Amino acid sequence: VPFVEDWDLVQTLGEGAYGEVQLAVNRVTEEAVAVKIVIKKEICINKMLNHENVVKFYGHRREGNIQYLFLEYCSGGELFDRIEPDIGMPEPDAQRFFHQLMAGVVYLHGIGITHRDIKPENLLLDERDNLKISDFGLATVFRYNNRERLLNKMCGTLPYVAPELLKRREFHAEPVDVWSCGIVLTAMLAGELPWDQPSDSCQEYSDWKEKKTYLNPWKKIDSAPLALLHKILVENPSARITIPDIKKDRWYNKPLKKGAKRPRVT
């Protein structure tokens, strides 16, 4: 079919260190895709991925010095824009998004991949508000030939990074992603970040370790999701709850949200 390979760049979706993310529309089919205009590790990692809660990779093309990544367009935008500052969002919406975030993270850890930069800016929503993990620019392989590799590279975003990354030379990959997921859960329920970074010098972090939950952001969060956050935001990564155990948590299994409203008559 002629012109089926032609895409029009209609608008700017985002901007990173690399460059830009553009919304591309097919000339014939009008199919919408996101084009990332920038790397070798990101493409190789994206080629491994296939899951309903992970942004799809369609292919890549290099036009000299410029690399074009063809990725899934998520019309719902960023999770970040669903969080109302200092309020959050309704608890059933947060629970549904956290379930979907957990499905994506289990998938990635199962194939030996750690994202290393989970935050609401990187969590995108489709037309049906389904959460999709995006941006594998900082991602790495932590398990190969069923052998775990300890990480030492400090990366991510300080309000979301686990305390071991700042204190220890080496650390396990999986508890690091679990921690950042608990900070996302905190942001969704209180509309604010608990600390600038998880260090003893940070007063807000010291208050948390001293269980001063009568202070913000903790006082805005119900006791059931707050009991889960007490298990996730644990300083020792060896004592920190694992995802199989998050799946058995009381709040995680609490019925709260109704399914998407279907048309009906009386």
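In case it trips you up, residue 1 is the first one in the sequence shown, and so on.
The stretch of deposited sequence separating residue 38 from residue 39 contains 10 or more residues lacking coordinates in this entry. Comparing 139-147 with 95-103, the stretch with the higher mean C-alpha B-factor in the PDB entry is 139-147.
Judged by mean Cα B factor in the deposited record, 55-63 ranks above the other of 228-236 and 55-63. Split the chain's modelled residues into thirds by C-alpha temperature factor. Residue 196 is in the middle one.
Annotation for residue 254: CA B-factor lies in the lowest third of the chain's modelled residues. Annotation for residue 81: CA B-factor lies in the middle third of the chain's modelled residues. Sorting the modelled residues of the chain by their CA temperature factor places residue 220 in the lowest third. For residue 177, the recorded CA temperature factor ranks within the lowest third of the chain's modelled residues.
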